[PDB]
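Colleague:
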Amino acid sequence: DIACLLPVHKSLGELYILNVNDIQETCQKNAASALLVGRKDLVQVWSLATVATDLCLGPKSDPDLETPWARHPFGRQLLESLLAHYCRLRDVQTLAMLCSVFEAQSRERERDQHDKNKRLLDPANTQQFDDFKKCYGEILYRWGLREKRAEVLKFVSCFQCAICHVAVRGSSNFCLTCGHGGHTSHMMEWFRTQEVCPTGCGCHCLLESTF
Amino acid sequence: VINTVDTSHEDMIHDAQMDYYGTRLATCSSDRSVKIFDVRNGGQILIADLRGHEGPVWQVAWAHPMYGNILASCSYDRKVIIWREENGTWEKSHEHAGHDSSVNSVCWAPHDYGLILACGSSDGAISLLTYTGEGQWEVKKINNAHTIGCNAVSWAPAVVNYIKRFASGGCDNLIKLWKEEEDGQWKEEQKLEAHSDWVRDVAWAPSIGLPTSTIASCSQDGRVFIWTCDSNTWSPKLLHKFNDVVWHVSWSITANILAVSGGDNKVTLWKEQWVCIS
Amino acid sequence: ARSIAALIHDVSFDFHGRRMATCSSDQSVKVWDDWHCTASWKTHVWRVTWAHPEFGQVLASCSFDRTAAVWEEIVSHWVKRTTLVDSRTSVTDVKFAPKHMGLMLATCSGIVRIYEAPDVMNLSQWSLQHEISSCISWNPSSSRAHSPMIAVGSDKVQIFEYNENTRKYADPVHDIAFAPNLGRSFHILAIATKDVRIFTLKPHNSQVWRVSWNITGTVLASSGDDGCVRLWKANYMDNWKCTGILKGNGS
Ligand SMILES: [Zn+2]
Ligand SMILES: [Zn+2]
Ligand SMILES: [Zn+2]
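Protein chains in written order, with the deposited numbering: chain D, 651 to 756, 837 to 888, 922 to 974; chain H, 4 to 163, 177 to 246, 250 to 291, 296 to 301; chain F, 4 to 9, 14 to 40, 46 to 56, 60 to 90, 101 to 134, 137 to 160, 166 to 187, 196 to 210, 220 to 252, 277 to 324.
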């Protein structure tokens with residue numbers, strides 16, 4: 651096991667969090683996780699991102715209102731320099747995680843150019859960021875944290924129930940052999956104790972679906 | 004840590020590739036057997052012992068679990084047997100013997116492309132077993148791929177349909193980079209010629225998103241060459260000139276540390296000039 | 004008794024009795040699901064009653080603006106897919122038809140705008156398949177031998201049955226309620242008037282208010298201007314009798 655010789659740590663991947671609803675909270679949590687792991691440069695980078703991702707820095711629709719924080723040197727130039735340094739270090743995890751964190755927040839020709847310049851990530855270099863995210867998801871799948879891989883990949887640019928008789932619109936389990944099914948929680952609760960189909964057709968749905 | 008796994012083989016080992024999850028280990032030896040151990044939680048449990056080859060098995064390669072836990076093996080008997088799980092036991096699901104000589108290298112295609120097994124045999128031809136479904140494999144053999152015989156085949160990570181490409185290293189003293197044309201046939205795109213002897217292993221570096229495709233190759237003469245593409252232009256950089264023959268080269272998960280194993284019965288890890300870590 | 008936090016013009020349970028819809032006097036309807049207000053609507060609401068859950072969590076609101084709004088489940102502030110505003114007069118009440126007869130809503134303004144939705148998934152369209160011109169009561173009968181019936185009260197109860205052959209429907222009363230049958234051969238009618246009246250149809278000392286029937290239609294709750302929610306029930310002689318008195322203030 652030579653994971654200590656690699657720029658990607660399983661502990662960091664397990665400790666990282668992702669919530670697009672609140673970016674500052676997730677950045678602070680990532681900084682705490684990096685401090686727990688012991689990588690000081692990750693701590694500094696995560697604190698810098700925490701500061702630079704606050705909603706008070708939201709880009710304005712009007713180009714003449716103010717200079718967007720992306721055009722600020724502590725914006726894209728900071729992020730571009732960090733990405734170049736981590737590419738030199740080949741740190742896929744940090745690159746993809748930073749790209750996801752910064753992308754979560756994010837006359838006609840002038841308006842289009844302003845929309846291009848207001849993003850802290852390069853609009854013309856989104857393919858590379860998507861590649862980083864996909865590769866980090868691949869590494870997470872390698873580790874086995876499928877939920878973390880799904881969470882990271884969310885930022886890539888590219922019938923009536925037979926138990927409660929309530930219309931099912933969300934998650935649902937349906938048996939292919941008999942055809943009676945309903946809400947996922949209802950089926951979980953019903954099959955945790957019994958083994959016969961709730962509709963009474965006699966189908967042993969556990970022996971018919973599970974595998 | 005260290006996991007000393009007793010091979011329990013009847014002859015010398017030739018390959019040892021662990022599974023995708025890093026939980027199961029599969030090894031092959033000259034005893035015409037490929038027994039798959041379970042190395043989870045520091046153990047040595049023989050999940051299944053396989054004996055279906057008429058000769059020594061050279062290389063094995065696990066397939067992506069997204070298409071199921073499948074292992075392929077290339078042996079001296081000029082036949083490639085693809086092993087798959089069936090209710091918790093390993094069985095020979097498909098066998099391919101379309102080559103007139105021993106198949107030396109097998110590597111599964113990237114999961115994005117699909118389930119394609121690229122077999123590189125000593126007859127000079129390369130066959131790609133594309134999985135069409137329903138237990139049916141379509142073989143598009145690339146005859147006369149090498150002047151004498153292909154000894155190594157390495158797929159390239161999905162980079163942008178998909179431009180499927182792989183690196184082939186044979187006894188022709190050169191490396192042939194094959195590209196999948198829009199029609200469907202496979203034709204060589206660029207030829208890389210820097211080794212002075214037979215090429216034994218080629219290993220395309222996994223791409224993390226860097227606009228730089230990296231190729232690592234080793235030859236019989238003992239030289240290991242690192243090829244980079246900053250265009251379809253490759254500039255080799257001699258990593259090292261080893262005293263003895265170099266057998267296998269393998270990249271790290273981030274393609275920063277290269278595992279070089281040669282005939283000197285030693286394993287060296289090189290990280291970027297390239298400096299040895301071992 | 005337990006005066007949970009909440014002027015509610017009308018408060019009614021859903022089919023499961025786990026969510027409560029209350030129509031405030033400020034022209035607002037809330038789904039008070046420990047009943048804590050889990051929604052806010054501003055309505056457009061004299062009466063707010065749920066629909067059958069298999070048809071969706073639809074709440075029908077009858078307003079004084081000559082409309083009968085129907086707020087459909089879109090998750101919280103539910104979006105009005107449909108708006109039955111074709112009624113010329115103010116909708117006194119909006120009570121959904123029983124689940125067996127389809128998605129029908131009755132707004133006894137006197138025009139009984141029985142709006143039918145052929146598409147259950149797309150209820151945005153309301154079709155006045157029937158129109159017969166104070167209280168609207170639906171017959172819960174689902175029997176093959178019991179034709180669907182619609183009752184209309186006037187501030196005095198007339199039952200219109202959709203006859204199969206013609207394929208067409210054919220003291221002041223404050224509220225009329227039909228007891229759940231549960232296989233009964235007769236229907237029990239409860240009408241809110243100056244005196245509480247119970248009648249059998251076999252094929277407070279003041280102004281009464283919206284009396285309701287329990288899930289089995291045996292115990293009765295009749296409310297009036299007396300301020301006491303008197304609980305009524307049957308007797309050993311199959312006759313209506315008092316079964317208890319409940320205090321509105323909780324005493
Ligand atoms: Zn069933
Ligand atoms: Zn259900
Ligand atoms: Zn079933």
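Built from N, CA and C at the ideal position, the CB exists for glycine as well.
From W47/F to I15/F, what distance separates their C-alpha atoms?
Modeller: The residue labelled residue 47/F in the question sits at position 35 within the third sequence. The residue labelled residue 15/F in the question sits at position 8 within the third sequence. C-alpha separation (whole angstroms): 14 Å.
Colleague: Find the nearest neighbour of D283/H within the set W270/H, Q296/H, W111/H, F261/H, judged by alpha-carbon distance.
Modeller: Position 264 of the second sequence, counted from the start, is the residue given in the question as residue 283/H. Selected option, being the one with the closest Cα: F261/H.
Colleague: So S295/F is in the beta strand (DSSP E); what residue range does that whole segment cover?
Modeller: By one-based count along the third sequence, residue 295/F stands at place 222. It spans 293-295 - the beta strand (DSSP E) in which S295/F sits, taken as one unbroken run.
Colleague: Whose C-alpha, out of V85/F, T206/F, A183/F, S174/F, is nearest the C-alpha of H223/F?
Modeller: Taking the third sequence and counting its residues from 1, the one referred to as residue 223/F is at position 174. Selected option, being the one with the closest Cα: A183/F.
Colleague: Is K243/F helix, strand or coil by DSSP?
Modeller: Looking up residue 243/F in the third sequence gives position 194. If DSSP states are grouped into helix, strand and coil, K243/F belongs with coil.
Colleague: Is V109/H near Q62/H, with beta carbons less than 8 Å apart?
Modeller: Position 106 of the second sequence, counted from the first residue, corresponds to residue 109/H. Position 59 of the second sequence, counted from the first residue, corresponds to residue 62/H. Cβ distance < 8 Å, so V109/H and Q62/H count as in contact.
Colleague: Bridge partners of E141/H, per DSSP?
Modeller: Indexing the second sequence from 1 puts residue 141/H at position 138. For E141/H, which the question treats as bridged, DSSP gives the partners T133/H.
Colleague: Please determine whether the Cβ atom of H23/F lies at a distance below 7 Å from any heavy atom of ligand 3.
Modeller: Reading the third sequence from its first residue, position 16 is the one you call residue 23/F. Not one heavy atom of ligand 3 lies closer than 7 Å to the C-beta of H23/F.
Colleague: If you draw a straight line from the C-alpha of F859/D to the C-alpha of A746/D, how long is it?
Modeller: Locating residue 859/D in the first sequence gives position 129, where the first residue counts as 1. Locating residue 746/D in the first sequence gives position 96, where the first residue counts as 1. Using only the alpha carbons, I get a separation of about 7 Å.
Colleague: Counting by C-beta, which residues lie closer than 5 Å to a heavy atom of ligand 1, in chain order?
Modeller: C941/D, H943/D, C960/D, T962/D, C964/D, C966/D
Colleague: Per DSSP, which one or two residues make a beta bridge with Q62/H?
Modeller: Position 59 of the second sequence, counted from the first residue, corresponds to residue 62/H. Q62/H is bridged to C77/H.
Colleague: Could you tell me if the beta carbon of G933/D falls within a distance shorter than 7 Å of some heavy atom in ligand 4?
Modeller: Because ligand 4 does not appear in the structure shown, any question about it cannot be addressed here, the ligands present being ligand 1, ligand 2 and ligand 3.
Colleague: Using a cut-off of 8 Å between C-beta atoms, extract the partners of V695/D located in chain H.
Modeller: What you label residue 695/D is simply residue 45 of the first sequence in a count that begins at 1. Simply none; closest approach about 18 Å.
Colleague: Kindly indicate the opening and closing residues of the alpha helix (DSSP H) around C968/D.
Modeller: Along the first sequence, one-based indexing puts residue 968/D at 205. Note, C968/D: alpha helix (DSSP H), 968-972.
Colleague: Determine the chain H residues that contact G874/D at a beta-carbon separation under 7 Å, and present them in chain order.
Modeller: What you label residue 874/D is simply residue 144 of the first sequence in a count that begins at 1. Near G874/D (Cβ distances below 7 Å), the residues of chain H are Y24.
Colleague: In whole angstroms, give me the CA-to-CA distance for residue 900/D and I129/H.
Modeller: Between 888 and 922, chain D has no modelled residues, and residue 900/D is one of the positions in that gap.
Colleague: Leaving aside the five residues before and after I119/H along the sequence, list all residues of the same chain whose C-beta is less than 6 Å from its C-beta, in chain order.
Modeller: Locating residue 119/H in the second sequence gives position 116, where the first residue counts as 1. Excluding sequence neighbours, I119/H sits near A112, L131, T133.
Colleague: Going along chain F, which residues have a C-beta under 9 Å from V751/D?
Modeller: Residue mapping note: residue 751/D aligns to position 101 of the first sequence, counting from 1. Residues of chain F passing the Cβ test: none, with the nearest at roughly 28 Å.
Colleague: Compare the beta carbon distance of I168/F and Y209/F with 8 Å and say whether it is the shorter of the two.
Modeller: Working through the third sequence from its first residue, we reach residue 168/F at position 136. Working through the third sequence from its first residue, we reach residue 209/F at position 169. Taking 8 Å as the Cβ cut-off, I168/F and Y209/F do not qualify as a contacting pair.
Colleague: May I ask you to verify whether the stretch 32-40 of chain H touches the stretch 954-961 of chain D, counting CB pairs closer than 8 Å and requiring at least 3?
Modeller: Judged by Cβ distances under 8 Å, the stretch 32-40 of chain H makes no contact with the stretch 954-961 of chain D, as fewer than three pairs qualify.
Colleague: By how many angstroms is the C-alpha of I199/F removed from the C-alpha of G185/F?
Modeller: Taking the third sequence and counting its residues from 1, one reaches residue 185/F at position 153. Taking the third sequence and counting its residues from 1, one reaches residue 199/F at position 159. So the two alpha carbons sit approximately 9 Å from each other.
Colleague: Where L74/F and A228/F are concerned, what is the direct C-alpha to C-alpha distance, given to the nearest angstrom?
Modeller: As a first step, residue 74/F is located in the third sequence; it is residue number 59 there, counting from the start. As a first step, residue 228/F is located in the third sequence; it is residue number 179 there, counting from the start. Their Cα atoms are separated by approximately 21 Å.
Colleague: Would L226/H count as contacting chain D if we go by Cβ distances under 8 Å?
Modeller: Numbered from 1 along the second sequence, position 210 holds the residue referred to as residue 226/H. So yes, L226/H belongs to the interface.
Colleague: So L692/D is in the alpha helix (DSSP H); what residue range does that whole segment cover?
Modeller: By 1-based counting over the first sequence, the position of residue 692/D is 42. Run containing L692/D: 690-702, per the alpha helix (DSSP H) assignment.
Colleague: Quick one: what does DSSP say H125/F is sitting in, helix, strand or coil?
Modeller: Walking along the third sequence from the start, residue 125/F turns up at place 100. The answer is helix: DSSP assigns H125/F an H, G or I state.
Colleague: Rounded to a whole number of angstroms, what is the C-alpha to C-alpha distance between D298/F and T107/F?
Modeller: Within the third sequence, numbered from 1, the residue matching residue 298/F stands at position 225. Within the third sequence, numbered from 1, the residue matching residue 107/F stands at position 82. Rounded to the nearest angstrom, the two C-alpha atoms are 35 Å apart.
Colleague: Taking the alpha carbon of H967/D as the reference point, which residue from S948/D, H943/D, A702/D, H949/D has its own alpha carbon closest?
Modeller: One-based indexing of the first sequence puts residue 967/D at position 204. Among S948/D, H943/D, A702/D, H949/D, the Cα nearest to that of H967/D belongs to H943/D.
Colleague: Specify the secondary structure class of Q198/F as computed by DSSP and reduced to three states.
Modeller: Numbered from its first residue, the third sequence carries residue 198/F at position 158. Correct three-state label for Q198/F: strand.
Colleague: From which residue to which residue does the alpha helix (DSSP H) around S233/H run?
Modeller: Stepping through the second sequence from its first residue, residue 233/H is reached at position 217. Where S233/H is concerned, there is no enclosing alpha helix (DSSP H), although the beta strand (DSSP E) it sits in stretches over 229-235.
Colleague: Please say whether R27/H and residue 2/H have beta carbons closer to each other than 8 Å?
Modeller: Since the displayed chain H opens at 4 and closes at 301, residue 2/H lies outside it and no answer follows.
Colleague: Between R837/D, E730/D, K848/D, which lies nearest to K710/D when the distance is taken from Cα to Cα?
Modeller: Here the question's residue 710/D lines up with position 60 in the first sequence. The residue with the shortest Cα to Cα distance from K710/D is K848/D.
Colleague: Kindly provide the ranges of any alpha helix (DSSP H) runs that are 4 or more residues long and lie completely inside the stretch 24-48 of chain H, ordered along the chain.
Modeller: none
Colleague: Would you mind reading off the limits of the beta strand (DSSP E) that contains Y736/D?
Modeller: Taking the first residue of the first sequence as 1, we reach residue 736/D at position 86. Premise fails: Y736/D lies in the alpha helix (DSSP H), 728-738, not in any beta strand (DSSP E).
Colleague: State whether the stretch 267-280 of chain H contacts the stretch 217-233 of chain H, with contact taken as three or more CB pairs (one from each stretch) at a distance under 8 Å.
Modeller: yes
Colleague: What residue from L656/D, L748/D, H928/D, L732/D has the CA that sits closest to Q678/D's CA?
Modeller: Indexing the first sequence from 1 puts residue 678/D at position 28. If we check each option's Cα against that of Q678/D, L748/D comes out closest.
Colleague: Could you check the C-alpha separation between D852/D and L733/D for me, to the nearest Å?
Modeller: Reading the first sequence from its first residue, position 122 is the one you call residue 852/D. Reading the first sequence from its first residue, position 83 is the one you call residue 733/D. Taking the straight line joining both Cα atoms gives about 11 Å.
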